[PDB]
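One file, query07.cif, is given below (mmCIF, C-alpha atoms and all ligand atoms).
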data_data
loop_
_atom_site.group_PDB
_atom_site.id
_atom_site.type_symbol
_atom_site.label_atom_id
_atom_site.label_comp_id
_atom_site.auth_asym_id
_atom_site.auth_seq_id
_atom_site.Cartn_x
_atom_site.Cartn_y
_atom_site.Cartn_z
ATOM 1 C CA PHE A 62 -64.684 189.108 -108.246
ATOM 2 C CA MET A 63 -64.762 187.166 -111.550
ATOM 3 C CA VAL A 64 -63.359 188.691 -114.765
ATOM 4 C CA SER A 65 -65.051 188.337 -118.144
ATOM 5 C CA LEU A 66 -64.603 185.240 -120.233
ATOM 6 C CA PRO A 67 -62.927 185.882 -123.596
ATOM 7 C CA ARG A 68 -64.663 185.404 -126.919
ATOM 8 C CA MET A 69 -65.129 181.674 -127.532
ATOM 9 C CA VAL A 70 -66.562 179.756 -130.515
ATOM 10 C CA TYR A 71 -68.521 176.644 -129.651
ATOM 11 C CA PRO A 72 -71.823 174.911 -130.641
ATOM 12 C CA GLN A 73 -74.919 176.773 -129.530
ATOM 13 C CA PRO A 74 -76.766 174.992 -126.705
ATOM 14 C CA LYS A 75 -80.153 173.798 -127.922
ATOM 15 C CA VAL A 76 -83.028 174.513 -125.573
ATOM 16 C CA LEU A 77 -85.366 171.973 -127.208
ATOM 17 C CA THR A 78 -82.817 169.134 -127.430
ATOM 18 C CA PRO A 79 -82.306 167.310 -124.171
ATOM 19 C CA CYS A 80 -78.704 166.836 -123.235
ATOM 20 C CA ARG A 81 -78.868 163.162 -122.376
ATOM 21 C CA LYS A 82 -82.244 161.398 -122.583
ATOM 22 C CA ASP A 83 -81.028 158.205 -120.882
ATOM 23 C CA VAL A 84 -80.069 159.628 -117.459
ATOM 24 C CA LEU A 85 -81.024 162.201 -114.857
ATOM 25 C CA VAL A 86 -78.731 165.220 -115.280
ATOM 26 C CA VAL A 87 -80.025 167.395 -112.400
ATOM 27 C CA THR A 88 -81.112 166.466 -108.879
ATOM 28 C CA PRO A 89 -84.452 167.610 -107.363
ATOM 29 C CA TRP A 90 -82.486 170.288 -105.424
ATOM 30 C CA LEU A 91 -81.068 171.606 -108.738
ATOM 31 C CA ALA A 92 -77.545 170.239 -108.433
ATOM 32 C CA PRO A 93 -76.031 169.013 -111.722
ATOM 33 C CA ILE A 94 -75.306 165.310 -112.059
ATOM 34 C CA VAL A 95 -72.076 165.181 -113.994
ATOM 35 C CA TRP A 96 -72.151 162.882 -117.052
ATOM 36 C CA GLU A 97 -70.231 163.083 -120.313
ATOM 37 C CA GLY A 98 -72.165 165.306 -122.779
ATOM 38 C CA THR A 99 -73.481 167.672 -120.078
ATOM 39 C CA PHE A 100 -70.498 170.050 -119.978
ATOM 40 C CA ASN A 101 -68.350 172.080 -122.333
ATOM 41 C CA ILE A 102 -64.953 171.634 -120.725
ATOM 42 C CA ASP A 103 -63.493 174.655 -122.579
ATOM 43 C CA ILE A 104 -65.957 177.009 -120.907
ATOM 44 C CA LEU A 105 -65.398 175.430 -117.487
ATOM 45 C CA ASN A 106 -61.600 175.445 -117.868
ATOM 46 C CA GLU A 107 -61.718 179.169 -118.689
ATOM 47 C CA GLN A 108 -63.903 179.910 -115.703
ATOM 48 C CA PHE A 109 -61.665 178.034 -113.232
ATOM 49 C CA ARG A 110 -58.325 179.198 -114.692
ATOM 50 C CA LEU A 111 -59.418 182.825 -114.546
ATOM 51 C CA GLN A 112 -59.833 182.277 -110.772
ATOM 52 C CA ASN A 113 -56.346 180.648 -110.581
ATOM 53 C CA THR A 114 -57.977 177.648 -108.956
ATOM 54 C CA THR A 115 -55.846 175.269 -106.879
ATOM 55 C CA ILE A 116 -57.099 171.731 -106.294
ATOM 56 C CA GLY A 117 -55.842 169.593 -103.435
ATOM 57 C CA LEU A 118 -56.008 165.805 -103.941
ATOM 58 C CA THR A 119 -55.752 163.842 -100.693
ATOM 59 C CA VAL A 120 -54.962 160.106 -100.449
ATOM 60 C CA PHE A 121 -54.209 157.816 -97.535
ATOM 61 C CA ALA A 122 -51.670 155.105 -98.276
ATOM 62 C CA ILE A 123 -50.920 152.872 -95.269
ATOM 63 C CA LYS A 124 -49.121 149.511 -95.011
ATOM 64 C CA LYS A 125 -49.361 147.538 -98.312
ATOM 65 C CA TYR A 126 -51.386 150.328 -100.022
ATOM 66 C CA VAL A 127 -48.197 152.345 -100.649
ATOM 67 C CA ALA A 128 -47.718 149.958 -103.584
ATOM 68 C CA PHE A 129 -50.620 151.688 -105.390
ATOM 69 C CA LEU A 130 -49.142 155.213 -105.299
ATOM 70 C CA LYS A 131 -47.016 154.986 -108.445
ATOM 71 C CA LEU A 132 -49.901 154.107 -110.807
ATOM 72 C CA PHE A 133 -52.289 156.426 -108.968
ATOM 73 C CA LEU A 134 -49.997 159.465 -109.278
ATOM 74 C CA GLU A 135 -48.760 158.712 -112.814
ATOM 75 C CA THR A 136 -52.305 158.419 -114.118
ATOM 76 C CA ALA A 137 -53.388 161.495 -112.130
ATOM 77 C CA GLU A 138 -50.699 163.373 -114.014
ATOM 78 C CA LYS A 139 -52.297 162.338 -117.312
ATOM 79 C CA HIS A 140 -55.942 162.885 -116.413
ATOM 80 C CA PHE A 141 -56.574 164.879 -113.199
ATOM 81 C CA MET A 142 -57.095 168.637 -113.517
ATOM 82 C CA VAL A 143 -54.487 168.966 -116.271
ATOM 83 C CA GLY A 144 -53.804 172.665 -116.886
ATOM 84 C CA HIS A 145 -54.744 173.669 -113.347
ATOM 85 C CA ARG A 146 -52.770 174.031 -110.122
ATOM 86 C CA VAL A 147 -52.737 170.703 -108.229
ATOM 87 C CA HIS A 148 -51.359 169.917 -104.790
ATOM 88 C CA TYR A 149 -51.223 166.216 -103.903
ATOM 89 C CA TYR A 150 -51.248 165.352 -100.204
ATOM 90 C CA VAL A 151 -50.120 161.803 -99.546
ATOM 91 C CA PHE A 152 -50.769 160.647 -95.963
ATOM 92 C CA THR A 153 -48.653 157.618 -95.213
ATOM 93 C CA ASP A 154 -46.926 155.583 -92.498
ATOM 94 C CA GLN A 155 -44.008 154.998 -94.916
ATOM 95 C CA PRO A 156 -42.730 158.371 -96.194
ATOM 96 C CA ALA A 157 -39.570 156.839 -97.702
ATOM 97 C CA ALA A 158 -41.635 154.362 -99.780
ATOM 98 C CA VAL A 159 -43.549 157.065 -101.694
ATOM 99 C CA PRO A 160 -42.430 156.689 -105.346
ATOM 100 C CA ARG A 161 -40.580 159.476 -107.151
ATOM 101 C CA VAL A 162 -43.213 160.412 -109.767
ATOM 102 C CA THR A 163 -42.479 163.107 -112.334
ATOM 103 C CA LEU A 164 -44.963 165.973 -112.115
ATOM 104 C CA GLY A 165 -46.082 168.512 -114.687
ATOM 105 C CA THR A 166 -45.474 172.203 -114.104
ATOM 106 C CA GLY A 167 -47.703 173.836 -111.459
ATOM 107 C CA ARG A 168 -48.202 170.547 -109.658
ATOM 108 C CA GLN A 169 -46.743 169.592 -106.327
ATOM 109 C CA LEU A 170 -46.729 166.716 -103.874
ATOM 110 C CA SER A 171 -46.500 166.822 -100.086
ATOM 111 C CA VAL A 172 -45.823 163.691 -98.038
ATOM 112 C CA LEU A 173 -47.427 163.810 -94.577
ATOM 113 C CA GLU A 174 -46.471 161.122 -92.094
ATOM 114 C CA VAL A 175 -49.172 159.601 -89.924
ATOM 115 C CA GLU A 197 -55.900 171.221 -90.733
ATOM 116 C CA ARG A 198 -55.739 174.999 -91.385
ATOM 117 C CA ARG A 199 -52.876 174.411 -93.880
ATOM 118 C CA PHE A 200 -55.519 173.381 -96.447
ATOM 119 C CA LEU A 201 -57.363 176.710 -96.092
ATOM 120 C CA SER A 202 -54.237 178.635 -97.019
ATOM 121 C CA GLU A 203 -52.985 176.250 -99.778
ATOM 122 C CA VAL A 204 -55.903 175.109 -101.916
ATOM 123 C CA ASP A 205 -59.378 176.206 -103.008
ATOM 124 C CA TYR A 206 -60.938 172.758 -103.302
ATOM 125 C CA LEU A 207 -60.208 169.398 -101.736
ATOM 126 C CA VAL A 208 -60.797 166.059 -103.479
ATOM 127 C CA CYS A 209 -60.637 163.001 -101.214
ATOM 128 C CA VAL A 210 -60.078 159.623 -102.935
ATOM 129 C CA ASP A 211 -58.767 156.104 -102.333
ATOM 130 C CA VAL A 212 -55.260 155.206 -103.545
ATOM 131 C CA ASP A 213 -56.026 151.717 -104.985
ATOM 132 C CA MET A 214 -57.359 153.304 -108.152
ATOM 133 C CA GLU A 215 -56.213 154.549 -111.525
ATOM 134 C CA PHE A 216 -57.299 157.436 -113.704
ATOM 135 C CA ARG A 217 -58.279 156.292 -117.189
ATOM 136 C CA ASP A 218 -59.884 159.446 -118.614
ATOM 137 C CA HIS A 219 -60.468 163.121 -117.928
ATOM 138 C CA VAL A 220 -61.342 164.138 -114.323
ATOM 139 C CA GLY A 221 -61.395 167.913 -114.347
ATOM 140 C CA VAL A 222 -62.948 171.111 -113.113
ATOM 141 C CA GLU A 223 -66.475 169.950 -114.042
ATOM 142 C CA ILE A 224 -66.489 168.281 -110.598
ATOM 143 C CA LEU A 225 -65.640 171.395 -108.611
ATOM 144 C CA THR A 226 -68.393 172.899 -106.436
ATOM 145 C CA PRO A 227 -68.930 173.627 -102.740
ATOM 146 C CA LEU A 228 -69.794 170.001 -101.938
ATOM 147 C CA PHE A 229 -69.973 166.875 -104.098
ATOM 148 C CA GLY A 230 -70.514 163.177 -103.723
ATOM 149 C CA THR A 231 -70.220 160.363 -106.273
ATOM 150 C CA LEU A 232 -72.850 157.754 -107.170
ATOM 151 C CA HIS A 233 -71.704 154.304 -106.029
ATOM 152 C CA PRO A 234 -71.292 152.153 -109.157
ATOM 153 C CA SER A 235 -73.123 149.155 -107.635
ATOM 154 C CA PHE A 236 -76.242 151.118 -106.609
ATOM 155 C CA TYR A 237 -76.980 153.858 -109.149
ATOM 156 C CA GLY A 238 -79.922 151.821 -110.543
ATOM 157 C CA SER A 239 -81.155 150.590 -107.160
ATOM 158 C CA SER A 240 -84.270 151.614 -105.277
ATOM 159 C CA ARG A 241 -83.619 153.269 -101.917
ATOM 160 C CA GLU A 242 -84.735 150.274 -99.810
ATOM 161 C CA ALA A 243 -81.871 148.272 -101.385
ATOM 162 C CA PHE A 244 -79.265 150.899 -100.440
ATOM 163 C CA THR A 245 -76.821 149.617 -97.798
ATOM 164 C CA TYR A 246 -77.389 152.592 -95.510
ATOM 165 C CA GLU A 247 -77.027 152.057 -91.769
ATOM 166 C CA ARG A 248 -80.531 150.868 -90.715
ATOM 167 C CA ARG A 249 -80.208 150.635 -86.902
ATOM 168 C CA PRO A 250 -81.804 153.682 -85.158
ATOM 169 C CA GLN A 251 -79.150 153.421 -82.441
ATOM 170 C CA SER A 252 -76.513 154.757 -84.915
ATOM 171 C CA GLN A 253 -75.999 158.420 -85.787
ATOM 172 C CA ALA A 254 -75.753 157.237 -89.437
ATOM 173 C CA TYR A 255 -79.306 155.798 -89.373
ATOM 174 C CA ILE A 256 -81.428 156.318 -92.476
ATOM 175 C CA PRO A 257 -84.869 154.665 -92.625
ATOM 176 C CA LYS A 258 -86.214 152.810 -95.664
ATOM 177 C CA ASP A 259 -88.421 155.736 -96.853
ATOM 178 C CA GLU A 260 -85.488 158.209 -96.935
ATOM 179 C CA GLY A 261 -82.491 158.664 -99.219
ATOM 180 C CA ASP A 262 -81.710 160.255 -102.562
ATOM 181 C CA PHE A 263 -78.672 158.247 -103.695
ATOM 182 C CA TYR A 264 -76.064 155.889 -102.382
ATOM 183 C CA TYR A 265 -72.808 157.807 -102.452
ATOM 184 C CA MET A 266 -69.494 155.978 -102.356
ATOM 185 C CA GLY A 267 -66.987 156.983 -99.686
ATOM 186 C CA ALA A 268 -64.078 156.594 -102.086
ATOM 187 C CA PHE A 269 -64.584 159.937 -103.980
ATOM 188 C CA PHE A 270 -65.998 163.115 -102.464
ATOM 189 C CA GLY A 271 -64.881 166.707 -102.133
ATOM 190 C CA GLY A 272 -65.742 170.351 -102.234
ATOM 191 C CA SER A 273 -64.399 173.667 -101.037
ATOM 192 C CA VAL A 274 -61.963 173.315 -98.168
ATOM 193 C CA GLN A 275 -64.563 174.784 -95.793
ATOM 194 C CA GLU A 276 -67.304 172.336 -96.818
ATOM 195 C CA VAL A 277 -65.005 169.318 -96.757
ATOM 196 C CA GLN A 278 -63.807 170.224 -93.269
ATOM 197 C CA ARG A 279 -67.454 170.655 -92.156
ATOM 198 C CA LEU A 280 -68.275 167.208 -93.461
ATOM 199 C CA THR A 281 -65.256 165.494 -91.968
ATOM 200 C CA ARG A 282 -65.857 167.209 -88.585
ATOM 201 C CA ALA A 283 -69.532 166.101 -88.612
ATOM 202 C CA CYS A 284 -68.643 162.501 -89.497
ATOM 203 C CA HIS A 285 -65.852 162.362 -86.878
ATOM 204 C CA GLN A 286 -68.259 163.583 -84.159
ATOM 205 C CA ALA A 287 -71.001 161.123 -85.237
ATOM 206 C CA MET A 288 -68.488 158.257 -85.223
ATOM 207 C CA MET A 289 -67.395 159.177 -81.665
ATOM 208 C CA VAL A 290 -71.029 159.163 -80.504
ATOM 209 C CA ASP A 291 -71.563 155.758 -82.093
ATOM 210 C CA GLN A 292 -68.362 154.420 -80.440
ATOM 211 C CA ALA A 293 -69.564 155.672 -77.024
ATOM 212 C CA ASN A 294 -72.894 153.890 -77.656
ATOM 213 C CA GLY A 295 -71.176 150.605 -78.614
ATOM 214 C CA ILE A 296 -72.201 150.644 -82.292
ATOM 215 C CA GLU A 297 -70.161 150.733 -85.527
ATOM 216 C CA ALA A 298 -71.960 151.749 -88.705
ATOM 217 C CA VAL A 299 -72.331 148.955 -91.297
ATOM 218 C CA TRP A 300 -70.106 150.675 -93.902
ATOM 219 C CA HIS A 301 -68.120 152.834 -91.485
ATOM 220 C CA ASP A 302 -67.198 156.306 -92.896
ATOM 221 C CA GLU A 303 -69.330 155.697 -96.016
ATOM 222 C CA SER A 304 -72.438 155.207 -93.855
ATOM 223 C CA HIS A 305 -71.782 158.566 -92.147
ATOM 224 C CA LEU A 306 -71.034 160.241 -95.496
ATOM 225 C CA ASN A 307 -74.423 159.091 -96.752
ATOM 226 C CA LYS A 308 -76.181 160.450 -93.700
ATOM 227 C CA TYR A 309 -74.372 163.800 -94.066
ATOM 228 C CA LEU A 310 -75.215 164.141 -97.754
ATOM 229 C CA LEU A 311 -78.857 163.231 -97.089
ATOM 230 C CA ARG A 312 -79.166 166.148 -94.645
ATOM 231 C CA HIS A 313 -76.774 168.542 -96.476
ATOM 232 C CA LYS A 314 -77.494 168.158 -100.147
ATOM 233 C CA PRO A 315 -74.421 168.167 -102.388
ATOM 234 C CA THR A 316 -74.170 170.994 -104.925
ATOM 235 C CA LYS A 317 -72.985 168.543 -107.634
ATOM 236 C CA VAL A 318 -73.276 164.731 -107.865
ATOM 237 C CA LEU A 319 -70.732 162.811 -109.939
ATOM 238 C CA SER A 320 -71.982 159.961 -112.133
ATOM 239 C CA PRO A 321 -70.378 156.494 -111.884
ATOM 240 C CA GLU A 322 -68.063 157.490 -114.731
ATOM 241 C CA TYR A 323 -66.046 158.854 -111.804
ATOM 242 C CA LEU A 324 -65.897 155.660 -109.720
ATOM 243 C CA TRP A 325 -66.053 152.422 -111.732
ATOM 244 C CA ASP A 326 -64.903 148.772 -111.574
ATOM 245 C CA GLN A 327 -64.797 147.375 -115.090
ATOM 246 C CA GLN A 328 -63.928 143.805 -114.026
ATOM 247 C CA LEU A 329 -66.924 143.669 -111.701
ATOM 248 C CA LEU A 330 -69.428 145.729 -113.724
ATOM 249 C CA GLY A 331 -68.365 145.809 -117.381
ATOM 250 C CA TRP A 332 -69.008 148.863 -119.569
ATOM 251 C CA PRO A 333 -72.711 149.724 -119.738
ATOM 252 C CA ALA A 334 -74.118 151.883 -122.526
ATOM 253 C CA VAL A 335 -74.934 154.656 -120.078
ATOM 254 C CA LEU A 336 -71.174 155.196 -119.466
ATOM 255 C CA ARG A 337 -69.568 157.071 -122.337
ATOM 256 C CA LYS A 338 -66.310 157.290 -120.401
ATOM 257 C CA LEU A 339 -64.665 155.293 -117.611
ATOM 258 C CA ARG A 340 -62.639 157.982 -115.822
ATOM 259 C CA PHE A 341 -61.432 156.656 -112.457
ATOM 260 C CA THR A 342 -61.442 152.943 -111.750
ATOM 261 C CA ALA A 343 -60.512 150.122 -109.398
ATOM 262 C CA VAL A 344 -57.162 148.447 -109.977
ATOM 263 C CA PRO A 345 -57.595 144.868 -111.367
HETATM 264 HG HG HG B 401 -75.841 168.155 -123.620
HETATM 265 HG HG HG B 402 -59.825 164.932 -97.706
HETATM 266 HG HG HG B 403 -58.509 161.431 -98.184
HETATM 267 HG HG HG B 404 -71.530 162.687 -91.046
HETATM 268 HG HG HG B 405 -65.193 159.797 -89.752
HETATM 269 HG HG HG B 406 -67.851 161.165 -93.724
#

What's the structure tokens form of this structure?
Amino acid sequence: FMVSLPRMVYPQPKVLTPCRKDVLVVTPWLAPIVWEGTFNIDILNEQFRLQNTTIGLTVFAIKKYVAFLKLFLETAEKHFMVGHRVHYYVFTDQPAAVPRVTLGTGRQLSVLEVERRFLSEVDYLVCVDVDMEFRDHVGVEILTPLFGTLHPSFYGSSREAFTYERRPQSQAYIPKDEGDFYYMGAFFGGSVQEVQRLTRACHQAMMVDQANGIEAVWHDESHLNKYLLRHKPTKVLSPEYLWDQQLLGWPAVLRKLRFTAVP
């Protein structure tokens, strides 16, 4: 059950003015592709706050990667789901090395040393890499049953150039005449239920590959791409959401650089 939105004053959407004319804003299965200019964040914030949405953000930080937690979490505090309930889950081999980062109200951090707990604690899960920093808004516009993110190196590439697993002997196999996009493994998410479905499917496929003596060319990312080919995501994030400015610069098509590699 969803309550009514309140009265809001904003610019009328214009039916005969395309939103962006330089990029695809909807997939052929009618999932939005999230670019700056496509969303009114005030409307979306209202919708998700009225549901008291809780977002879990999961990161693995092992060995030397614990060094990246401070910047990751500090910048998440500035830019990630601000105004909403956030639960950070930091999976690490070094619990005592997790930095003491000051959190805004309604935000919490759990340290898990290296599950149904997610079903009871959060509505959505967002799974990212720790060697990153938030540079701009990453908010409820991403939330949906299942999303993937366009890999910044391949968003302009034809499908035959995608680095999918190409050996038929692998469960991650995708032939040259298949594929919508190349999704990057470093940023995906969805409802808890859909994320757990995905991770279960990939884990099983990886076990089958191991038993057959084969390891997919890009490991979990290869399996992610196979999963999202066969189970279409309900939103796709543009490369605004996963960028490397040193490698790739700042193309005109990116109005914002939201979540980036660390230099
Ligand atoms: Hg628009
Ligand atoms: Hg996750
Ligand atoms: Hg994760
Ligand atoms: Hg998979
Ligand atoms: Hg996996
Ligand atoms: Hg996966």

### Task
Name every residue that the PyMOL selection byres (((chain A and resi 323) around 10) and not hetatm) selects in this structure, writing the answer as a list in words with chains first and numbers rising.
residues 95, 96, 216, 217, 218, 219, 220, 224, 231, 232, 233, 234, 269, 319, 320, 321, 322, 324, 325, 336, 338, 339, 340, 341 and 342 of chain A

Determine, counting only C-alpha atoms, which protein, DNA and RNA residues have an atom within 12 Å of an atom of residue 125 in chain A; residues of the same chain fewer than 4 positions away are not included. Present the result as an mmCIF file with C-alpha atoms, keeping the file's coordinate frame.
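What follows is the written file part12.cif:
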data_model
loop_
_atom_site.group_PDB
_atom_site.id
_atom_site.type_symbol
_atom_site.label_atom_id
_atom_site.label_comp_id
_atom_site.auth_asym_id
_atom_site.auth_seq_id
_atom_site.Cartn_x
_atom_site.Cartn_y
_atom_site.Cartn_z
ATOM 1 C CA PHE A 121 -54.209 157.816 -97.535
ATOM 2 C CA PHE A 129 -50.620 151.688 -105.390
ATOM 3 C CA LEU A 130 -49.142 155.213 -105.299
ATOM 4 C CA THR A 153 -48.653 157.618 -95.213
ATOM 5 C CA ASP A 154 -46.926 155.583 -92.498
ATOM 6 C CA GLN A 155 -44.008 154.998 -94.916
ATOM 7 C CA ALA A 158 -41.635 154.362 -99.780
ATOM 8 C CA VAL A 159 -43.549 157.065 -101.694
ATOM 9 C CA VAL A 212 -55.260 155.206 -103.545
ATOM 10 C CA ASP A 213 -56.026 151.717 -104.985
#

### Task
Please write out the residues within 6 Å of ligand HG 401 (chain B) as a PyMOL selection string, counting only C-alpha atoms and all ligand atoms.
chain A and resi 80-81+98-99

Site check for ligand HG 405 (chain B): residues at most 10 Å away, only C-alpha atoms and all ligand atoms, as an mmCIF file with C-alpha atoms, in the frame of the given file:
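What follows is the written file result_0.cif:
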data_model
loop_
_atom_site.group_PDB
_atom_site.id
_atom_site.type_symbol
_atom_site.label_atom_id
_atom_site.label_comp_id
_atom_site.auth_asym_id
_atom_site.auth_seq_id
_atom_site.Cartn_x
_atom_site.Cartn_y
_atom_site.Cartn_z
ATOM 1 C CA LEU A 280 -68.275 167.208 -93.461
ATOM 2 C CA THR A 281 -65.256 165.494 -91.968
ATOM 3 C CA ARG A 282 -65.857 167.209 -88.585
ATOM 4 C CA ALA A 283 -69.532 166.101 -88.612
ATOM 5 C CA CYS A 284 -68.643 162.501 -89.497
ATOM 6 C CA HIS A 285 -65.852 162.362 -86.878
ATOM 7 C CA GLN A 286 -68.259 163.583 -84.159
ATOM 8 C CA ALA A 287 -71.001 161.123 -85.237
ATOM 9 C CA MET A 288 -68.488 158.257 -85.223
ATOM 10 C CA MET A 289 -67.395 159.177 -81.665
ATOM 11 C CA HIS A 301 -68.120 152.834 -91.485
ATOM 12 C CA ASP A 302 -67.198 156.306 -92.896
ATOM 13 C CA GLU A 303 -69.330 155.697 -96.016
ATOM 14 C CA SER A 304 -72.438 155.207 -93.855
ATOM 15 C CA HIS A 305 -71.782 158.566 -92.147
ATOM 16 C CA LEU A 306 -71.034 160.241 -95.496
#

#### Entry: Environment of ligand HG 402 (chain B) within 12 Å, counting all atoms listed in the file, reported as a ChimeraX atom specification
/A:116-121,149-152,197,200,204,206-211,228,267-282

### Query
What is the CA of residue 124 in chain A-CA of residue 327 in chain A distance in Å, reported with one decimal?
25.6 Å

#### Entry: Target residues per the PyMOL selection byres (((chain A and resi 92) around 10) and not hetatm), formatted as a list in words
residues 86, 87, 88, 89, 90, 91, 93, 94, 95, 226, 229, 314, 315, 316, 317 and 318 of chain A

Expected file for range 279-315 of chain A keeping C-alpha atoms, as a short mmCIF file (atom, residue, chain, number, x, y, z; two decimals), in the first residue's frame:
data_model
loop_
_atom_site.label_atom_id
_atom_site.label_comp_id
_atom_site.auth_asym_id
_atom_site.auth_seq_id
_atom_site.Cartn_x
_atom_site.Cartn_y
_atom_site.Cartn_z
CA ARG A 279 18.48 -14.80 -6.82
CA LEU A 280 21.27 -13.38 -8.93
CA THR A 281 24.05 -14.21 -6.51
CA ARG A 282 22.69 -17.77 -6.05
CA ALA A 283 22.53 -18.26 -9.85
CA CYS A 284 26.08 -16.96 -10.37
CA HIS A 285 27.46 -19.06 -7.48
CA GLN A 286 25.89 -22.23 -8.96
CA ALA A 287 27.16 -21.42 -12.49
CA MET A 288 30.66 -20.80 -11.12
CA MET A 289 30.62 -24.19 -9.34
CA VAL A 290 29.60 -25.93 -12.58
CA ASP A 291 32.41 -24.18 -14.44
CA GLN A 292 34.92 -25.17 -11.70
CA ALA A 293 33.80 -28.83 -11.96
CA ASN A 294 34.31 -28.61 -15.75
CA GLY A 295 37.82 -27.12 -15.39
CA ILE A 296 36.97 -23.68 -16.80
CA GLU A 297 37.12 -20.17 -15.29
CA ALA A 298 35.17 -17.42 -17.02
CA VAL A 299 37.33 -14.71 -18.65
CA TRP A 300 36.10 -11.92 -16.33
CA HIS A 301 35.04 -14.15 -13.43
CA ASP A 302 31.91 -12.88 -11.57
CA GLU A 303 31.38 -10.12 -14.16
CA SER A 304 31.11 -12.72 -16.95
CA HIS A 305 28.40 -14.56 -14.97
CA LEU A 306 26.63 -11.27 -14.13
CA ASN A 307 26.44 -10.50 -17.84
CA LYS A 308 25.00 -13.90 -18.62
CA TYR A 309 22.40 -13.51 -15.84
CA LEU A 310 21.33 -10.05 -16.98
CA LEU A 311 21.08 -11.23 -20.60
CA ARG A 312 18.57 -13.92 -19.58
CA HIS A 313 16.86 -11.92 -16.77
CA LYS A 314 16.51 -8.40 -18.04
CA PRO A 315 17.21 -5.69 -15.46
#
